[PDB]
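Novice: I am attaching a structure below and will ask some questions about it afterwards.
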Amino acid sequence: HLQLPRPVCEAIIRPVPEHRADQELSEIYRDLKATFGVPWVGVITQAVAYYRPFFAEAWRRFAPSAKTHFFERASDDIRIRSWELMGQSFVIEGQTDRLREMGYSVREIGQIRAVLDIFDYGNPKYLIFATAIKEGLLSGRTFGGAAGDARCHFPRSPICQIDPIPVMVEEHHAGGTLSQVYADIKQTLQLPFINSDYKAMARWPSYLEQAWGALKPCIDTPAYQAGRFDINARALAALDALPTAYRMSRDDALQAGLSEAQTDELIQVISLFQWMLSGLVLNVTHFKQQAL
Amino acid sequence: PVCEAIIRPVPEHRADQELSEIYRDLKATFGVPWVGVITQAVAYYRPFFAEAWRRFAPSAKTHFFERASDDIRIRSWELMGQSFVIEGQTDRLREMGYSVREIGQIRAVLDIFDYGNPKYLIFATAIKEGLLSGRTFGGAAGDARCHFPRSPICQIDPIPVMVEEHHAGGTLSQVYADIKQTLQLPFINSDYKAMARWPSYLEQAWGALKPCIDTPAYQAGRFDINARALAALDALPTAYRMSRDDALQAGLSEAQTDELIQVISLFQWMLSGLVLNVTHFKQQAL
Amino acid sequence: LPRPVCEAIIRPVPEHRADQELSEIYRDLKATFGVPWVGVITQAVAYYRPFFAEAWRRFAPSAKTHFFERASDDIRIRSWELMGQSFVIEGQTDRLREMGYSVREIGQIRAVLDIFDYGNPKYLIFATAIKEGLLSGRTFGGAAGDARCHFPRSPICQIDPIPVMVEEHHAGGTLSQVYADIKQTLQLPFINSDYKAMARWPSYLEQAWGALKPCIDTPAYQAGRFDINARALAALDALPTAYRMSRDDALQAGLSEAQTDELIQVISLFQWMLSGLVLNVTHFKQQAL
Amino acid sequence: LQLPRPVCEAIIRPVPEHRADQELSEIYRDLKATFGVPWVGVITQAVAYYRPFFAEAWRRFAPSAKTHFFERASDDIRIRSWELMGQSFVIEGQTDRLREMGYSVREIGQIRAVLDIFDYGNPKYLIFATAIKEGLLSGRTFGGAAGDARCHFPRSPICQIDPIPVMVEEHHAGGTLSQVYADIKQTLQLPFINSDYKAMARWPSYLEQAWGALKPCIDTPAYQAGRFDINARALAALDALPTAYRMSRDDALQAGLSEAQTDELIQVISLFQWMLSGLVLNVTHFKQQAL
């Protein structure tokens, strides 16, 4: 009552960060960001990018859907649901005064909020794409492409920007005690990597400490796990309603250039990220509500 | 629409630092990179404009307002889809020397005004109808999610490159003169000035839209879009009142209020056509 | 300083068309010069991509130096001097505000002029290096001299964004007539970045050009132009890192001999203009405050 | 074997760009446009606390800072520092070290680009701090002394102005960063953390590496000899300003400052003026490691 199970993953995650991405991969990354209308490339997508012929082909097959009005709406309703869920389930104290007291100015606190907005907007879109990748491999099915409201096929609300990449304190940038927030987060969220979200927050170390410290107790409360299940279900639902059909099976993966062992590995990797992203959506919603 | 009043818009490149602060809050809230000529003109009646924005902002910050603006964009895209067959111009433009990247730069520009103009239409409606009627618009608790914060990403920098009328040269003044004639306006909108950064492109897009202007299908769409704007006003999440009397406590004279009313009425009428005109452009480009 | 004969077609590759291979060179040229546009000079030479890449590889080490910064800066200074004395130049800040321009608009205009005032001497010296290298076969520079000449140049610079330029296919009816006038008056087959960047404000360009035009090819002008050219040739004789790039070097780079002969004609056209363009911009900028 | 001595102290109250109201932001913006730099110095933040002095000293110094002379005189302080540190120190590259720590080539370039900013701008702040301090201490009028007309020409005009460098402020800092900051403060003998080190702190592991390599050189005789030389260049520049500068105690009083305020400012500008010679040397060192 009522919990989302963490998939087994013993495969090594090998994300290709934007600052290491070669010219070819950089072009794909850029088209993703333009399509999603986000200034960063998700770690989810960095890790998938390792298996590059798969990534390119699964991107090419999913992009016609991510361009649509439906995707914008369906992602946005996931942001709404998280706001709704966390509000009702939690007493979230504002932290603005506490930050002001630690010496943060008004300009700075708005800067912090702007960074929270980036991830509040983008993560839903990454959740659905990860659901498409993971379920397309596991099931071999084709998803969406149904007739429906023509308006679902219209251009999504045009926004921006690709630029710049948010300032993120990477793990090799860290940091000493910052590595230990990083380790705590890792232990607590049960992950082997630190999310883009927390690395952006890490440009203000004392702020991350504060925000993460107030979120931690909520993690894996019954209301948290229940809400996480709901977030995930809504991503499954979005998958079945894509305006342009999506299929990317094991055989598609093999035809794209992957070995059997590679495809097995990918399946674990995408599975952990897809699981992860339900929580990440909730976590950012909390951060944003603290900062009102 | 009846108007004899002089329109006295304050450009962002002239705005003083007190007004520039309002402008900036308008831009962050709407999530757009330009201050519309609508609001430029209303800023002249500065006391009213700061009070009106005070009262409208809490609605504009909401989920409701975001969807309601987006649904106007959707509707316009629908209407111009049906009522007009509109040929791509992507090939003509490459024939003229424009490269792929340049054509994407043009699109990115249209996207701005395609996203924003609905937000300025709803605000213009709220100003006009509030003055004319003294009614309090909106305020219902209804669905809670309507009061949630809007989709947060946007971009407010840079100000788009606009070729102002005093920048303009010989023939560009003629394209401007035609546009002011055809559209019955005494000013050139941001949109066309922004397009005029590529003058040959503007000539080509204007000439393709110009025949559509006062056709019965256009007038009908323009009525439809206007209706939706009126409907959005009726459903603002935070109440909005700003009457003739309210304008006084803001610091306007009755005579200035009467001038104000004529000014907004012209702009509010204008924004309907602007939303359509832009849709058309965007459809021309792929 | 007579215009050279150029019957060859100029085929510049603009930044919005450059493939990712060329674009990477372009970005290195920009970071090195510390400027935010790639010169048409560079665009035209890049058509001969094999040569262009080798020539930049060889010219880059001098361009990174304190010497090169100083020697480019000293040309800007000299041009400022010459136009100060040889011409009576009229403040026009007042007509502009009269024409409708706000003070921040006039400021944006100055910032644009500043870019070309800074950068063009660097392009002049480069074009001179390419030209004399092909014509003479000689190795230029390489002396140890004063060690401080080989130190890194003054680091600060802006390379984003690309200036807004109204290209010849962007242009409307009248704007093609201004461009026509300029290409005629200056004896050029193309429109320089500079004027295209001023063209962002069409009425302003009409004015600034109208004021410069009666100075072109006056004896004082031609004399200054001779001086600016002479200073570029001297900058070449004093490069910190040796620069050789001969006709023979162009073959070994991957050009044919016919392509080389065409290149010589092209670069000679540009190298002759760049002295002219340096004074033109000085004039524009003295028109502002 | 020669040293520049540091003077004594009062309390420093810098007004950072993110707190600055909009009157002050307007002066800050003209400063940066005139210097051609993306950051307002802590030197000038601290002086901005005494706002009508700051406003007036800036108004008097700016005509000189616009000139070709200033640009050159600043640039030569940078060159001399590069010369100085080169000749006097066995300074090893740290690029292979960083890459081993996991830093990529794009990242190391980003770090250089940040080092470039302060290597350019600090000499200009040094000269201005020397003008503020000596003008108060002496009552004298500096420069204006009609020489080469080319000295009065506009300076080299391109400049990087509008992204303020990402700086990890003290109240941003978390734990071990505060102790690095403490080490720096204690070693450089300062009660504040320079913009430079805070910009470097966007990459904590890099700051620790770069700072740790520098720390041995600080107050070697070669360091101090060099620091004295940097300081002399700054005094020399002051006497050759093309537009005369005077800003005395009574200039300060007539601007709205009290006697006690003026005494305080004097101690504050003296500490910053002293600091800047060392900072010039410290950045030169960082930048040579990163070759």
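Residue numbering restarts at 1 in every chain; chains get A, B, ... in the order shown in the structure tokens, and ligands count up from 1 in that same order.
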Show me, as a VMD selection string, every residue of chain B with an atom at most 12 Å from chain A, counting only C-alpha atoms.
Specialist: chain B and resid 28 30 to 33 62 to 64 66 to 79 81 104 107 to 116 118 143 to 158 279 282 to 283 286
Novice: Run DSSP on the backbone of this structure and report the residues of stretch 43-286 of chain D it assigns to strand (DSSP E or B), as a PyMOL selection string.
Specialist: chain D and resi 67+142+154+245
Novice: Kindly indicate which residue among A:228, A:288, A:113, A:19 lies nearest to chain D, using only C-alpha atoms for the distances.
Specialist: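 The shortest atom-to-atom distance to chain D comes from A:19.
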Novice: Which polymer residues have any atom within 9 Å of an atom of residue D:158, counting only C-alpha atoms, with same-chain residues fewer than 3 positions away left out, as a PDB file with N, CA, C and O atoms, in the first residue's frame?
Specialist:
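Once everything was written out, this is out-v1.pdb:
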```
ATOM      1  N   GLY C  34      40.008  36.807 -31.093  1.00  0.00           N
ATOM      2  CA  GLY C  34      39.162  37.410 -30.089  1.00  0.00           C
ATOM      3  C   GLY C  34      38.042  38.258 -30.674  1.00  0.00           C
ATOM      4  O   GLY C  34      37.640  39.249 -30.084  1.00  0.00           O
ATOM      5  N   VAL C  35      37.533  37.869 -31.834  1.00  0.00           N
ATOM      6  CA  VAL C  35      36.467  38.617 -32.492  1.00  0.00           C
ATOM      7  C   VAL C  35      35.227  37.737 -32.716  1.00  0.00           C
ATOM      8  O   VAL C  35      35.312  36.518 -32.695  1.00  0.00           O
ATOM      9  N   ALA C 111      28.863  50.081 -30.159  1.00  0.00           N
ATOM     10  CA  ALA C 111      29.430  48.804 -29.749  1.00  0.00           C
ATOM     11  C   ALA C 111      29.769  47.957 -30.965  1.00  0.00           C
ATOM     12  O   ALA C 111      30.775  47.288 -30.986  1.00  0.00           O
ATOM     13  N   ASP C 114      32.790  49.193 -32.693  1.00  0.00           N
ATOM     14  CA  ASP C 114      33.966  48.877 -31.900  1.00  0.00           C
ATOM     15  C   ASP C 114      34.550  47.529 -32.284  1.00  0.00           C
ATOM     16  O   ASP C 114      35.776  47.351 -32.274  1.00  0.00           O
ATOM     17  N   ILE C 115      33.673  46.594 -32.636  1.00  0.00           N
ATOM     18  CA  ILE C 115      34.071  45.253 -33.043  1.00  0.00           C
ATOM     19  C   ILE C 115      34.945  45.279 -34.282  1.00  0.00           C
ATOM     20  O   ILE C 115      36.008  44.659 -34.333  1.00  0.00           O
ATOM     21  N   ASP C 117      36.458  47.891 -35.484  1.00  0.00           N
ATOM     22  CA  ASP C 117      37.603  48.753 -35.272  1.00  0.00           C
ATOM     23  C   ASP C 117      38.733  47.983 -34.611  1.00  0.00           C
ATOM     24  O   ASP C 117      39.909  48.203 -34.880  1.00  0.00           O
ATOM     25  N   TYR C 118      38.350  47.085 -33.718  1.00  0.00           N
ATOM     26  CA  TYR C 118      39.285  46.189 -33.068  1.00  0.00           C
ATOM     27  C   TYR C 118      39.806  45.108 -34.007  1.00  0.00           C
ATOM     28  O   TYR C 118      40.995  44.955 -34.156  1.00  0.00           O
ATOM     29  N   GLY C 119      38.908  44.396 -34.662  1.00  0.00           N
ATOM     30  CA  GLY C 119      39.288  43.224 -35.424  1.00  0.00           C
ATOM     31  C   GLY C 119      39.950  43.334 -36.792  1.00  0.00           C
ATOM     32  O   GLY C 119      40.837  42.541 -37.120  1.00  0.00           O
ATOM     33  N   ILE C 156      41.374  39.035 -22.989  1.00  0.00           N
ATOM     34  CA  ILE C 156      39.932  39.235 -22.979  1.00  0.00           C
ATOM     35  C   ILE C 156      39.429  39.481 -24.401  1.00  0.00           C
ATOM     36  O   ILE C 156      40.136  40.055 -25.247  1.00  0.00           O
ATOM     37  N   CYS C 157      38.206  39.014 -24.646  1.00  0.00           N
ATOM     38  CA  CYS C 157      37.581  39.129 -25.944  1.00  0.00           C
ATOM     39  C   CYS C 157      36.156  38.633 -25.878  1.00  0.00           C
ATOM     40  O   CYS C 157      35.800  37.890 -24.959  1.00  0.00           O
ATOM     41  N   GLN C 158      35.355  39.027 -26.865  1.00  0.00           N
ATOM     42  CA  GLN C 158      33.993  38.514 -27.016  1.00  0.00           C
ATOM     43  C   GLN C 158      33.841  37.844 -28.371  1.00  0.00           C
ATOM     44  O   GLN C 158      34.141  38.463 -29.389  1.00  0.00           O
TER      45      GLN C 158
ATOM     46  N   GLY D  36      35.994  47.207 -19.243  1.00  0.00           N
ATOM     47  CA  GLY D  36      35.810  46.068 -20.120  1.00  0.00           C
ATOM     48  C   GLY D  36      35.879  44.708 -19.439  1.00  0.00           C
ATOM     49  O   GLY D  36      36.435  43.775 -19.984  1.00  0.00           O
TER      50      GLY D  36
END
```
Novice: Please identify all polymer residues within 12 Å of residue B:53, counting only C-alpha atoms, omitting same-chain residues fewer than 5 positions from it, and present them as a PDB file with N, CA and C atoms, in the first residue's frame.
Specialist:
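Written output follows (part21.pdb):
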```pdb
ATOM      1  N   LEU B  19       9.851  52.180 -14.845  1.00  0.00           N
ATOM      2  CA  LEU B  19       8.985  51.487 -15.786  1.00  0.00           C
ATOM      3  C   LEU B  19       9.637  50.182 -16.252  1.00  0.00           C
ATOM      4  N   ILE B  22       8.707  47.254 -14.114  1.00  0.00           N
ATOM      5  CA  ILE B  22       7.410  46.676 -14.429  1.00  0.00           C
ATOM      6  C   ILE B  22       7.546  45.808 -15.674  1.00  0.00           C
ATOM      7  N   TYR B  23       8.118  46.389 -16.722  1.00  0.00           N
ATOM      8  CA  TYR B  23       8.353  45.697 -17.974  1.00  0.00           C
ATOM      9  C   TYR B  23       8.994  44.352 -17.743  1.00  0.00           C
ATOM     10  N   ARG B  24      10.013  44.332 -16.900  1.00  0.00           N
ATOM     11  CA  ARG B  24      10.712  43.101 -16.632  1.00  0.00           C
ATOM     12  C   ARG B  24       9.800  42.086 -15.932  1.00  0.00           C
ATOM     13  N   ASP B  25       8.901  42.551 -15.070  1.00  0.00           N
ATOM     14  CA  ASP B  25       8.026  41.636 -14.337  1.00  0.00           C
ATOM     15  C   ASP B  25       6.960  41.073 -15.261  1.00  0.00           C
ATOM     16  N   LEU B  26       6.533  41.912 -16.190  1.00  0.00           N
ATOM     17  CA  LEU B  26       5.617  41.504 -17.226  1.00  0.00           C
ATOM     18  C   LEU B  26       6.244  40.401 -18.070  1.00  0.00           C
ATOM     19  N   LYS B  27       7.518  40.574 -18.404  1.00  0.00           N
ATOM     20  CA  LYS B  27       8.210  39.642 -19.279  1.00  0.00           C
ATOM     21  C   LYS B  27       8.475  38.316 -18.594  1.00  0.00           C
ATOM     22  N   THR B  29       6.743  37.077 -16.033  1.00  0.00           N
ATOM     23  CA  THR B  29       5.432  36.491 -15.809  1.00  0.00           C
ATOM     24  C   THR B  29       4.876  35.865 -17.087  1.00  0.00           C
ATOM     25  N   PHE B  30       4.874  36.625 -18.177  1.00  0.00           N
ATOM     26  CA  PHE B  30       4.375  36.096 -19.433  1.00  0.00           C
ATOM     27  C   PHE B  30       5.346  35.091 -20.006  1.00  0.00           C
ATOM     28  N   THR B  39       1.110  46.984 -24.278  1.00  0.00           N
ATOM     29  CA  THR B  39       1.506  47.409 -22.959  1.00  0.00           C
ATOM     30  C   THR B  39       2.393  48.656 -23.015  1.00  0.00           C
ATOM     31  N   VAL B  42      -0.266  51.406 -23.052  1.00  0.00           N
ATOM     32  CA  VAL B  42      -0.907  51.508 -21.749  1.00  0.00           C
ATOM     33  C   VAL B  42       0.034  52.069 -20.665  1.00  0.00           C
ATOM     34  N   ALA B  43       1.338  51.853 -20.815  1.00  0.00           N
ATOM     35  CA  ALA B  43       2.319  52.363 -19.857  1.00  0.00           C
ATOM     36  C   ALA B  43       2.330  53.888 -19.787  1.00  0.00           C
ATOM     37  N   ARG B  46       0.664  55.645 -16.850  1.00  0.00           N
ATOM     38  CA  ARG B  46       1.445  54.848 -15.921  1.00  0.00           C
ATOM     39  C   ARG B  46       0.771  54.415 -14.618  1.00  0.00           C
ATOM     40  N   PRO B  47       0.026  55.317 -13.941  1.00  0.00           N
ATOM     41  CA  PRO B  47      -0.592  54.888 -12.681  1.00  0.00           C
ATOM     42  C   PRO B  47      -1.555  53.729 -12.852  1.00  0.00           C
ATOM     43  N   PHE B  48      -2.386  53.813 -13.887  1.00  0.00           N
ATOM     44  CA  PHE B  48      -3.349  52.772 -14.204  1.00  0.00           C
ATOM     45  C   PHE B  48      -2.634  51.483 -14.526  1.00  0.00           C
ATOM     46  N   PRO B  58      -1.633  38.014 -10.746  1.00  0.00           N
ATOM     47  CA  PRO B  58      -1.852  36.731 -10.071  1.00  0.00           C
ATOM     48  C   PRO B  58      -2.587  35.710 -10.934  1.00  0.00           C
ATOM     49  N   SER B  59      -3.376  36.164 -11.900  1.00  0.00           N
ATOM     50  CA  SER B  59      -4.005  35.232 -12.826  1.00  0.00           C
ATOM     51  C   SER B  59      -2.996  34.747 -13.856  1.00  0.00           C
ATOM     52  N   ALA B  60      -2.177  35.672 -14.334  1.00  0.00           N
ATOM     53  CA  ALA B  60      -1.211  35.398 -15.375  1.00  0.00           C
ATOM     54  C   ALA B  60      -0.131  34.419 -14.915  1.00  0.00           C
ATOM     55  N   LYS B  61       0.068  34.326 -13.613  1.00  0.00           N
ATOM     56  CA  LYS B  61       1.052  33.411 -13.072  1.00  0.00           C
ATOM     57  C   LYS B  61       0.549  31.971 -13.000  1.00  0.00           C
ATOM     58  N   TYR B 120      -1.145  38.548 -24.545  1.00  0.00           N
ATOM     59  CA  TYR B 120      -1.392  39.984 -24.596  1.00  0.00           C
ATOM     60  C   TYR B 120      -2.834  40.280 -24.987  1.00  0.00           C
ATOM     61  N   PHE B 123      -4.973  39.898 -21.795  1.00  0.00           N
ATOM     62  CA  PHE B 123      -4.738  41.028 -20.899  1.00  0.00           C
ATOM     63  C   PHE B 123      -5.406  42.288 -21.435  1.00  0.00           C
ATOM     64  N   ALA B 124      -5.391  42.464 -22.745  1.00  0.00           N
ATOM     65  CA  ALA B 124      -6.027  43.621 -23.348  1.00  0.00           C
ATOM     66  C   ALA B 124      -7.532  43.546 -23.184  1.00  0.00           C
ATOM     67  N   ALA B 126      -9.080  42.021 -20.694  1.00  0.00           N
ATOM     68  CA  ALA B 126      -9.346  42.308 -19.298  1.00  0.00           C
ATOM     69  C   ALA B 126      -9.314  43.814 -18.979  1.00  0.00           C
ATOM     70  N   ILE B 127      -8.387  44.546 -19.582  1.00  0.00           N
ATOM     71  CA  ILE B 127      -8.328  45.986 -19.391  1.00  0.00           C
ATOM     72  C   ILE B 127      -9.558  46.673 -19.955  1.00  0.00           C
ATOM     73  N   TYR B 240     -10.500  39.904 -11.019  1.00  0.00           N
ATOM     74  CA  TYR B 240      -9.980  41.103 -11.622  1.00  0.00           C
ATOM     75  C   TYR B 240     -11.045  42.182 -11.700  1.00  0.00           C
ATOM     76  N   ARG B 241     -10.874  43.249 -10.928  1.00  0.00           N
ATOM     77  CA  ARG B 241     -11.665  44.455 -11.134  1.00  0.00           C
ATOM     78  C   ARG B 241     -10.760  45.660 -11.381  1.00  0.00           C
ATOM     79  N   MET B 242     -11.120  46.461 -12.372  1.00  0.00           N
ATOM     80  CA  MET B 242     -10.449  47.720 -12.618  1.00  0.00           C
ATOM     81  C   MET B 242     -11.342  48.605 -13.464  1.00  0.00           C
ATOM     82  N   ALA B 250      -6.330  55.351  -8.946  1.00  0.00           N
ATOM     83  CA  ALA B 250      -5.003  55.012  -9.424  1.00  0.00           C
ATOM     84  C   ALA B 250      -4.273  56.317  -9.729  1.00  0.00           C
TER      85      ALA B 250
END
```
Novice: Have a look at atom CA of residue C:73 and atom CA of residue C:94 and let me know their distance in Å, one decimal.
Specialist: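 Rounded to one decimal, the two atoms are 28.9 Å apart.
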Novice: At a cut-off of 12 Å, list the chain A residues touching chain C, using only C-alpha atoms, as a list in words.
Specialist: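 Matching residues, ligands excluded from the count: residues 22, 23, 24, 26 and 27 of chain A.
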Novice: Just want the 12 Å neighbourhood of residue A:212, counted on only C-alpha atoms, with same-chain residues fewer than 5 positions away dropped. Output as number ranges by chain.
Specialist: A: 95, 181-182, 184-186, 188-189, 197-199, 201-202, 205-207, 217-219, 283-284, 286-288, 290
Novice: Kindly determine which residues of chain D lie within 8 Å of chain A, considering only C-alpha atoms, and give the answer as a short mmCIF file (atom, residue, chain, number, x, y, z; two decimals) with N, CA and C atoms, in the first residue's frame.
Specialist:
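Just written: iface03.cif:
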```cif
data_model
loop_
_atom_site.label_atom_id
_atom_site.label_comp_id
_atom_site.auth_asym_id
_atom_site.auth_seq_id
_atom_site.Cartn_x
_atom_site.Cartn_y
_atom_site.Cartn_z
N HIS D 18 24.94 41.33 -6.46
CA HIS D 18 23.63 40.74 -6.33
C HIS D 18 22.80 41.40 -5.23
N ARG D 19 23.42 42.21 -4.40
CA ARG D 19 22.69 42.98 -3.40
C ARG D 19 22.55 44.44 -3.80
N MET D 101 42.16 13.53 -12.95
CA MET D 101 41.13 13.67 -11.95
C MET D 101 39.76 13.55 -12.62
N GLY D 102 39.76 13.49 -13.94
CA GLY D 102 38.55 13.34 -14.72
C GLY D 102 38.10 14.56 -15.51
N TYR D 103 38.90 15.63 -15.52
CA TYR D 103 38.48 16.83 -16.21
C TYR D 103 38.69 16.68 -17.70
N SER D 104 37.72 17.14 -18.47
CA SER D 104 37.80 17.03 -19.92
C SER D 104 38.43 18.26 -20.51
N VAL D 105 38.62 18.23 -21.82
CA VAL D 105 39.30 19.28 -22.52
C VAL D 105 38.43 20.53 -22.60
N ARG D 106 37.13 20.35 -22.76
CA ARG D 106 36.21 21.48 -22.74
C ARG D 106 36.22 22.14 -21.38
N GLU D 107 36.30 21.33 -20.34
CA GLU D 107 36.28 21.82 -18.99
C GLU D 107 37.54 22.63 -18.66
N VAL D 168 31.42 31.14 -6.12
CA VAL D 168 30.86 30.51 -4.93
C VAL D 168 31.12 31.36 -3.71
N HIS D 171 28.73 32.36 1.80
CA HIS D 171 27.53 31.81 2.38
C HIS D 171 26.97 30.68 1.49
N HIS D 172 27.50 30.56 0.27
CA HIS D 172 27.23 29.43 -0.61
C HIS D 172 28.06 28.22 -0.18
N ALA D 173 29.24 28.50 0.34
CA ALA D 173 30.24 27.48 0.61
C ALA D 173 29.74 26.46 1.60
N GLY D 174 30.22 25.23 1.48
CA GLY D 174 29.74 24.16 2.33
C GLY D 174 30.85 23.30 2.90
N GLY D 175 31.36 23.71 4.05
CA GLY D 175 32.18 22.83 4.85
C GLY D 175 33.66 22.93 4.58
N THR D 176 34.15 22.04 3.72
CA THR D 176 35.57 21.99 3.42
C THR D 176 35.98 23.20 2.58
N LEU D 177 35.06 23.70 1.77
CA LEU D 177 35.33 24.91 1.00
C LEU D 177 35.60 26.06 1.96
N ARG D 202 33.99 27.19 -8.50
CA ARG D 202 32.90 26.47 -9.16
C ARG D 202 33.39 25.04 -9.41
N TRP D 203 34.70 24.88 -9.48
CA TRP D 203 35.33 23.57 -9.54
C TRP D 203 36.20 23.37 -8.30
N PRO D 204 35.62 22.91 -7.19
CA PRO D 204 36.36 22.78 -5.94
C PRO D 204 37.64 21.97 -6.03
N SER D 205 37.62 20.83 -6.70
CA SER D 205 38.81 19.98 -6.75
C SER D 205 39.93 20.69 -7.48
N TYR D 206 39.57 21.56 -8.42
CA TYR D 206 40.55 22.36 -9.15
C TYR D 206 41.18 23.47 -8.31
#
```
Novice: Just need the residues of chain C within 12 Å of chain D, counting only C-alpha atoms, so spit them out as a PyMOL selection string.
Specialist: chain C and resi 31+33-36+65-67+69-82+84+107+110-119+121+146-161+282+285-286+289
Novice: Pull out every residue of chain B sitting within 9 Å of chain C, counting only C-alpha atoms, and send them as a list in words.
Specialist: residues 13, 14, 96, 97, 98, 99, 100, 101, 102, 161, 163, 164, 165, 166, 167, 168, 169, 170, 171, 172, 197, 198, 199, 200, 201 and 203 of chain B
Novice: If the cut-off is 12 Å, can you tell me the residues of chain B near chain D, counting only C-alpha atoms? I'd like them as a PyMOL selection string.
Specialist: chain B and resi 17-18+20-21
Novice: Find, counting only C-alpha atoms, the residue in B:264, B:217, B:16, B:238 that gets nearest to residue B:85.
Specialist: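 Looking at the shortest contact to residue B:85, the residue is B:217.
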